[PDB]
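K.L.:
take this sequence and fold it.
(chains A and B, ligands or ions: 10)
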Number of protein chains: 2
Amino acid sequence: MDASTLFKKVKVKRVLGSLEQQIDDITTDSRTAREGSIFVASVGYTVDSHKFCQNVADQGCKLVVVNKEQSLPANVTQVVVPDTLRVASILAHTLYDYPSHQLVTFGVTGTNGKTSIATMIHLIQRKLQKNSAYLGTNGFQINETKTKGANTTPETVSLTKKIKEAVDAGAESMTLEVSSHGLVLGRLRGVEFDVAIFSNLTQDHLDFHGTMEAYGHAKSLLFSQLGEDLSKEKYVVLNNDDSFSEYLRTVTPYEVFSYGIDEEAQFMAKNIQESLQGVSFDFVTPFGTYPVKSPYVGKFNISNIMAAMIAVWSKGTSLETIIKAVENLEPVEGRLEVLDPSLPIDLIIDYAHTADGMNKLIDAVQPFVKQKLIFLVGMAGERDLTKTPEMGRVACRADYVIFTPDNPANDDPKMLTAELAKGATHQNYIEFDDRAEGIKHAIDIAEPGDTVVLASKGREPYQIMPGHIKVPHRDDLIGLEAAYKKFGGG
Amino acid sequence: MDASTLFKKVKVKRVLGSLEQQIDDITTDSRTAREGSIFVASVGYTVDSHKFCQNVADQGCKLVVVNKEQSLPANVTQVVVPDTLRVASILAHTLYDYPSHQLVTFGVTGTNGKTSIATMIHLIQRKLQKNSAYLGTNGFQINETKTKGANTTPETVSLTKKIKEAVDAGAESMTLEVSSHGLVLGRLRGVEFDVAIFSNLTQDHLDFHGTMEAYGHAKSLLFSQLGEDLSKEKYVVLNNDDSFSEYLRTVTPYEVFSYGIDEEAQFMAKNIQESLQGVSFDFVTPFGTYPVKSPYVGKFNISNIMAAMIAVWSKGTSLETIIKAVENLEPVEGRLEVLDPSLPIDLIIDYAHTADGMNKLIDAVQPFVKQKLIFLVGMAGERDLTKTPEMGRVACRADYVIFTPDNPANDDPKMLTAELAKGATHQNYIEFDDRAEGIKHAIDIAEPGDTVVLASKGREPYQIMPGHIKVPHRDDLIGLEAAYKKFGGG
Ligand SMILES: CC(=O)N[C@H]1[C@@H](OP(=O)(O)OP(=O)(O)OC[C@H]2O[C@@H](n3ccc(=O)[nH]c3=O)[C@H](O)[C@@H]2O)O[C@H](CO)[C@@H](O)[C@@H]1O[C@H](C)C(=O)N[C@@H](C)C(=O)N[C@H](CCC(=O)N[C@@H](CCCCN)C(=O)O)C(=O)O
Ligand SMILES: CC(=O)N[C@H]1[C@@H](OP(=O)(O)OP(=O)(O)OC[C@H]2O[C@@H](n3ccc(=O)[nH]c3=O)[C@H](O)[C@@H]2O)O[C@H](CO)[C@@H](O)[C@@H]1O[C@H](C)C(=O)N[C@@H](C)C(=O)N[C@H](CCC(=O)N[C@@H](CCCCN)C(=O)O)C(=O)O
Ligand SMILES: [Cl-]
Ligand SMILES: [Cl-]
Ligand SMILES: [K+]
Ligand SMILES: [K+]
Ligand SMILES: [Mg+2]
Ligand SMILES: [Mg+2]
Ligand SMILES: [Mg+2]
Ligand SMILES: [Mg+2]
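P.N.:
Numbering: from 1, shown residues only, chains lettered A, B, ... in the order given. Ligands and ions are numbered 1, 2, ... in the order given. Pasting the structure now:
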């Protein structure tokens, strides 16, 4: 369409040049701007992209949105606005015909479990033979087609384009992980949600939020941003075992569905039986109690599957059909995955990377340790270290602990492993600057019948290194390649 | 319509009896429930209205919404739900066909100035000859028809009925004051806003919110609850002279318009000239700067009229037509009103009742005191007293200060005046247990050419007394009746 119609949506603007031109693309990355693109400049943590306006002109782009008039050829139209990214989200949703209004959208937020719940909703939808899309830490997925991305919640234009791709591919629904960063930073401006789901709130991301207070209020935006139109069928799904759910109630008018294991809720799990192969439980609901078989491991994953079932049920699918669909659901990549059970050791990978997520992981694996628990964990570079010794303490619930860096970036890897080491409660631990080296060591130390857990990365395919350069790395592959060498069964 | 269709909007319910019945009314007050009403029970601060279910049955009501099965005749249908008031707002907006979707709705929140801004928007709309409604501290107004009410933001059912009355009366827009209580307590569930306006945030209501933190987050709900549909023409209007506006930006995607006098903003007031008769100023806007004449007194009222003009402009009315409409706008009742200027004293009433609102009032009146400033203020009963000595301090900017109770309820009136007295900085003050007696005294003490200010009630027609019984009381009438006696000019 033409720039003219797009910019009628912006009341405060100084327009320098014609808006008669056709527009088919928008971008906040200058490297992809061309004729027919709007390039929207912004000030990032690293660079100020106003500086690349001359590049997009060179590349054919005839329209930039800026916060200050730039030096450009006369024939490039400039639209000067007070808040360029705000305008970016308005222009994006407009250009792509409001993609989040065009399908059912589920949003999941919380400190741990976002990937698990969001992926479980997508997998249920697929099992029911409905087209579905997923966006989050594992990247972007339409039905069974995956690509990897840089964020859990990508910047507004990329994110909006991805919702449009899901609509164009014929998705009937889409599920998004909603990071607390994404919310605060405006990454989700324009994204209408139909169901908002909460997992839990425990200390994380305080290098960004400053306080627990601010962190929780950040996550409440998913709930309050549902809005106020009570003709719409929207729903909220809350964990009654987390005390922040009481606050979440208050920020939204839509009907709330609660789930719980430890505290009373509308939906509960009773009579729980655990195995490394999955769980069974009695699913108390307001309409009756039903036996559920789930392939996922542990109680934390029972909270998670409950959230996912309730989310899908809320939009009109019978509980009986959901419960049946859950039985042979595929593993969630990198989230409590038991690797090749033909190995003579239990080899398990998981993304847990805060003290609370580690306790849930260890709680789930521990009843099944027959001999020694060998536990590897990483601490992330350039993050709040306040609870890192505490991660170290929690790791020491294991018999043998390996400390590694995880995406150390420009931080000294020794600094991070030393920080974890501060909380260790026995002498049975060891630190490696190189995580691949650390995994090969956990295999070396492991006996037949031992349990080995690799925590904090799952199948994440890179280590962020100095310069913020991504280097290939795969806990699962490194661990398997080393476990076959040591145990056979290649 | 029938209960059947209404309750399809509620997913979790236990229905005891038929829903075949016709429903034309909903109520959370048992005293108005009858045949065709839904009575929704709830637990209040005073009583639990579940107890009156037998009364509504006696009165003919055949449908109650409860949080627990009650003792009732068999032919009364009960719908048992986990959150009765949440369901009340859903049922109400449904029954009345979503009244807030049916007109343009402006919402105003902030510690001081809500009544001023909200009333100024209504008055502009009327001046432009458009049907308009107002709801807030001065009660409910359709065009020029007024009724008084008990709250600034009434409980959900009353509030929703009032929006419906405005729609039925043909209102093209409606403006609501949005109290921080109303937001937290769910009074505004279902109410779609098109424009959200912020005045300021300073200490108040902490007996309810506990912290400034929680108090500000409460008010952010108006902004975040606008939602995420960027096809809708919604706008946010923020005061750049208040540092909470920086936080408000972040909780909403809609375009933001800023106003300011002390700090840079998109809309500013320059070259300000003041009189007891009104102000003139240069109104800097993004489209040019225009001379404005306003009937309201002081700089705080210039922030207020700016917010109101920008709100009306945002929905498509030209600034030139608004600016012309503003010139002879009617006084806002109880908000910096200069009473009979034929009196030989300046007699002024105002609602200011926190330390910050008092400073703004005194700032506005002071340049015009020719002799002595005689200042009367009340402290409210059963409220946080932490800043009350500070109100006492601020009052003592006057030459002679009268301390009174304001709605003392069950609090000792001496306790409240004594608390104000704690902050007094000179010996020229006096305390009265009876506020009428106090006003008659301010007249006694006043000379020709003095300024008398009555603060904290405006034209509020009652004193809440022991038992929470309202007794008639009117600062304006009591003051005028006493000023005529003393000065003549009946
Ligand atoms: C600190 C931060 O926010 N930088 C995000 C931000 O960078 P910058 O602001 O530095 O970008 P830069 O300054 O280069 O560019 C600004 C703008 O200029 C543009 N530009 C730039 C260069 C150029 O030549 N041309 C051009 O047009 C560019 O497109 C952008 O529009 O903009 C990028 C693009 O959108 C994101 O990809 C970054 O995200 C990084 C990867 C991140 O790590 N972000 C973290 C903070 C994050 O967002 N986390 C959440 C939650 C996930 C999480 O935090 N997980 C844990 C996991 C820990 C365990 C790991 N196993 C963690 O990482 O701590 C999320 O991903 O949604
Ligand atoms: C503490 C509080 O919230 N009680 C509000 C609340 O009472 P209760 O919970 O005690 O009601 P109660 O317990 O009796 O009844 C519960 C339920 O049972 C029902 N019910 C009751 C009796 C019955 O026989 N049958 C029946 O069906 C009834 O309709 C209700 O649905 O429900 C009423 C009805 O909806 C409101 O009218 C009250 O509001 C009062 C007046 C108030 O003062 N509220 C304050 C806290 C307030 O809301 N303030 C804000 C902001 C304005 C403000 O605070 N201004 C300052 C002004 C100070 C300067 C003054 N010059 C202040 O007052 O401090 C606002 O009004 O939006
Ligand atoms: Cl509940
Ligand atoms: Cl601004
Ligand atoms: K949607
Ligand atoms: K509206
Ligand atoms: Mg997180
Ligand atoms: Mg995730
Ligand atoms: Mg207030
Ligand atoms: Mg008010």
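
K.L.:
drop to CA atoms for contacts and neighbour counts, all remaining ones
P.N.:
OK.

K.L.:
residue A:233: neighbour count?
P.N.:
Neighbour count for residue A:233, taken as other CA atoms under 10 Å in any protein chain shown: 15.

K.L.:
repeat for residue A:313
P.N.:
Neighbouring residues of residue A:313 were enumerated by other CA under 10 Å; the total is 15.

K.L.:
can you give me the distance of the residue nearest to it when sequence neighbours are not counted to ligand 10?
P.N.:
Leaving aside its sequence neighbours, residue A:313 sits nearest to residue A:319 (CA to CA, 6 or more residues apart in numbering or on different chains; 6.0 Å). According to CA to the ion, to the nearest Å, residue A:319 and ligand 10 sit 48 Å apart.

K.L.:
what parts of the stretch 101-250 of chain A come near ligand 1?
P.N.:
Contacts of the stretch 101-250 of chain A with ligand 1, taken as CA under 6 Å from any ligand atom, map to A:150, A:151, A:152, A:153, A:154, A:155, A:179, A:181, A:182.

K.L.:
most neighbours among the residues you listed, which one?
P.N.:
For those, the largest neighbour count, defined by other CA under 10 Å, is 26 neighbours, found at residue A:179.

K.L.:
isn't it up against residue A:153?
P.N.:
Yes: using CA atoms under 8 Å as the test, residue A:179 is close enough to residue A:153 to be in contact (5.9 Å).

K.L.:
before we move on, the earlier item: count of neighbours near the residue nearest to residue A:313?
P.N.:
Applying other CA under 10 Å, we find 17 residues neighbouring residue A:319.

K.L.:
got a list of what residue A:99 touches?
P.N.:
A:93, A:160, A:163, A:164, A:167 (CA atoms under 8 Å, 6 or more residues apart in numbering or on different chains).

K.L.:
distance of the fourth one relative to ligand 10?
P.N.:
Read that as residue A:164. As judged by CA to the ion, residue A:164 and ligand 10 stand 44 Å apart.

K.L.:
roughly how far does that residue sit from residue B:227?
P.N.:
Separation of residue A:164 from residue B:227 (CA to CA, to the nearest Å): 20 Å.

K.L.:
the two: which has the busier surroundings?
P.N.:
The neighbour comparison of residue A:164 against residue B:227 (other CA under 10 Å) goes to residue B:227, with 30 against 22.

K.L.:
contact partners for the more buried one?
P.N.:
Contacts for residue B:227 (CA under 8 Å, 6+ apart) come out as A:192, A:224, A:225, A:226, A:227, A:228, B:252.

K.L.:
roughly how far apart are the third one and chain B?
P.N.:
Read that as residue A:225. Between residue A:225 and chain B the computed distance is 4 Å (CA to the nearest CA, to the nearest Å).

K.L.:
and for that residue, the neighbour number?
P.N.:
28.

K.L.:
what's near enough to touch it?
P.N.:
Applying CA under 8 Å, 6+ apart, we find residue A:225 in contact with B:224, B:225, B:226, B:227, B:228, B:252.

K.L.:
let's have the residues you listed in TSV, adding secondary structure.
P.N.:
As requested, the contacts of residue A:225 are arranged in TSV below (DSSP: H, G, I helix; E, B strand; the rest coil):
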residue	secondary structure
B:224	helix
B:225	coil
B:226	coil
B:227	coil
B:228	coil
B:252	coil
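
K.L.:
how is chain A divided into domains?
P.N.:
Residue ranges for the domains of chain A, per curated CATH domains: A:1-98, A:99-336, A:337-490.

K.L.:
what's the closest of the ones you listed to residue B:415?
P.N.:
domain A:99-336 (34.7 Å; CA to CA).

K.L.:
off-centre distance for that closest one?
P.N.:
Offset of domain A:99-336 from its chain centre (CA atoms, centre = their mean, to the nearest Å): 10 Å.

K.L.:
ok, and does that domain reach over to ligand 6?
P.N.:
No: Domain A:99-336 lies apart from ligand 6 when judged by CA under 5 Å from the ion; the minimum separation is 9.6 Å.

K.L.:
whether that domain contacts ligand 5 - can you check?
P.N.:
Yes: Domain A:99-336 is in contact with ligand 5 by CA under 5 Å from the ion, via A:100, A:101, A:103, A:104, A:105.

K.L.:
which members of these occur in helices, if any?
P.N.:
Among these, no member is found in helices (DSSP state H).

K.L.:
just give me the closest of the residues you listed to ligand 10.
P.N.:
residue A:101 (36.1 Å; CA to the ion).

K.L.:
from residue A:192, how far off is the closest one?
P.N.:
Here the criterion is CA to CA. By it, residue A:101 lies 6 Å from residue A:192.

K.L.:
equivalent analysis for residue A:392, please.
P.N.:
Separation of residue A:392 from residue A:192 (CA to CA) stands at 40 Å.

K.L.:
likewise for residue A:476?
P.N.:
If you measure residue A:476 against residue A:192 using CA to CA, the figure is 36 Å.

K.L.:
now do residue A:238
P.N.:
Taking CA to CA, one finds residue A:238 at 19 Å from residue A:192.

K.L.:
which residue, neighbours along the chain excluded, lies closest to the residue in the stretch 101-250 of chain A positioned nearest to ligand 2?
P.N.:
The nearest approach of the stretch 101-250 of chain A to ligand 2 comes at residue A:250, 15.2 Å away (CA to the nearest ligand atom). Closest residue in space to residue A:250, ignoring its immediate chain neighbours: residue B:184 at 6.1 Å, by CA to CA, 6+ apart.

K.L.:
which SSE is the one you found in?
P.N.:
Per DSSP states H and E: residue B:184 is located in helix B:180-185.

K.L.:
does ligand 10 have contacts with that helix?
P.N.:
No: residues of helix B:180-185 contacting ligand 10 under CA under 5 Å from the ion: none, with a closest distance of 10.9 Å.

K.L.:
follow-up on the earlier one: neighbour count winner among residue A:392 and residue A:192?
P.N.:
residue A:392 (29 against 25).

K.L.:
for stretch A:438-446, buried residues please.
P.N.:
Across stretch A:438-446, burial judged by 16 or more other CA atoms under 10 Å in any protein chain shown covers A:438, A:439, A:440, A:441, A:442, A:443, A:446.

K.L.:
and stretch A:212-219, by the same measure?
P.N.:
Of the residues in stretch A:212-219, those buried (16+ other CA under 10 Å) are A:214, A:215, A:216, A:217, A:218, A:219.

K.L.:
of the residues you listed, which belong to helices?
P.N.:
Of the buried residues of stretch A:212-219, the ones assigned to helices by DSSP H are A:214, A:215, A:216, A:217, A:218, A:219.

K.L.:
let me know the closest of those to residue A:82.
P.N.:
residue A:218 (23.4 Å).

K.L.:
quick check, residue A:280 in a helix?
P.N.:
No: if the criterion is three-state DSSP, then residue A:280 is strand and not within a helix.

K.L.:
and it, what are its bridge partners?
P.N.:
Beta-bridge partners for residue A:280, by DSSP bridges, are residue A:273, residue A:293.

K.L.:
my read: it touches residue A:291, true?
P.N.:
Yes: Residue A:280 lies in contact with residue A:291 (CA under 8 Å); the separation is 7.2 Å.
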